[PDB]
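A.B. asks: I would like to see how this sequence folds:
(one chain, ligands or ions: 2)
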Amino acid sequence: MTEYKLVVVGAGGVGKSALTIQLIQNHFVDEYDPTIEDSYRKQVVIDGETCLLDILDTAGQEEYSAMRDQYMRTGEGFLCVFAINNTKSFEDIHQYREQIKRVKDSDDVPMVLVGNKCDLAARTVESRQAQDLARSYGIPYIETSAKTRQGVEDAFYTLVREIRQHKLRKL
Ligand SMILES: Nc1nc2c(ncn2[C@@H]2O[C@H](COP(=O)(O)OP(=O)(O)O)[C@@H](O)[C@H]2O)c(=O)[nH]1
Ligand SMILES: [Mg+2]
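C.D. replies: Residues are numbered from 1 along each chain as shown. Ligands and ions are numbered 1, 2, ... in the order given. Right below this line is the structure:
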């Protein structure tokens, strides 16, 4: 299999861990605080296939890339765990990918915007604005929920869809 050094970004008020944890631990913890920090190593199943992946959780208690700054050197793909119920992180995403493209190398890395807890209704962040910003970074806006693990798979599979796809489109 291949390794997909993933990296999570966005506010911690959205559910940064729960999304990573789920996709890896495969279970919900709803206990991860906005300070812990660890990488989840485990292969998954991409478009019906599979690829060794490693999603970093990233902490907060700082400002932006000050939390997950120790792995950006290999940041293979960044997943924006913003919640459609907290535009806050949302404003924080544009700033997140901003620092990313800086540490990585350029401003065209494989990342995807996702509205976590989309299950219920609510939506402090305008839905139109969610896809809109996704078009700004060139990434798609997937709406999932770390609790329903329903979109979480297409959230981490879309980001890799950008990575895992390059290896071939190359030619
Ligand atoms: N219902 C529901 N709850 C969620 C979801 N994602 C996260 N949560 C919960 O919302 C709470 C707030 O998330 P938070 O702890 O701030 O996320 P984190 O610190 O960034 O990892 C957590 O305790 C989670 O259990 C989701 O998709 N659905
Ligand atoms: Mg946490």
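A.B. asks: please count neighbours and contacts with C-alpha atoms only from this point.
C.D. replies: OK.
A.B. asks: I figured residue 16 hits residue 89, correct?
C.D. replies: No. Checked against CA atoms under 8 Å, the pair residue 16 and residue 89 is beyond contact range at 10.2 Å.
A.B. asks: what helix or strand is residue 98 located in?
C.D. replies: helix 87-103 (DSSP states H and E).
A.B. asks: any idea which residue sits dead centre in the chain?
C.D. replies: Taking CA atoms, centre = their mean as the criterion, residue 79 is the residue nearest the geometric centre of the chain, at 1.6 Å.
A.B. asks: what sits against that residue?
C.D. replies: 6, 7, 8, 9, 111, 112, 113, 114, 155, 156, 159 (CA atoms under 8 Å, 6 or more residues apart in numbering).
A.B. asks: which of those fall in helices?
C.D. replies: 155, 156, 159 (DSSP state H).
A.B. asks: so how far is ligand 2 from the second one?
C.D. replies: Separation of residue 156 from ligand 2 (CA to the ion, to the nearest Å) stands at 17 Å.
A.B. asks: does residue 110 touch residue 165 like I think?
C.D. replies: No. Counting by CA under 8 Å, residue 110 does not reach residue 165; the two are 9.9 Å apart.
A.B. asks: burial count for residue 129?
C.D. replies: Neighbours of residue 129 under the rule other CA atoms under 10 Å: 14.
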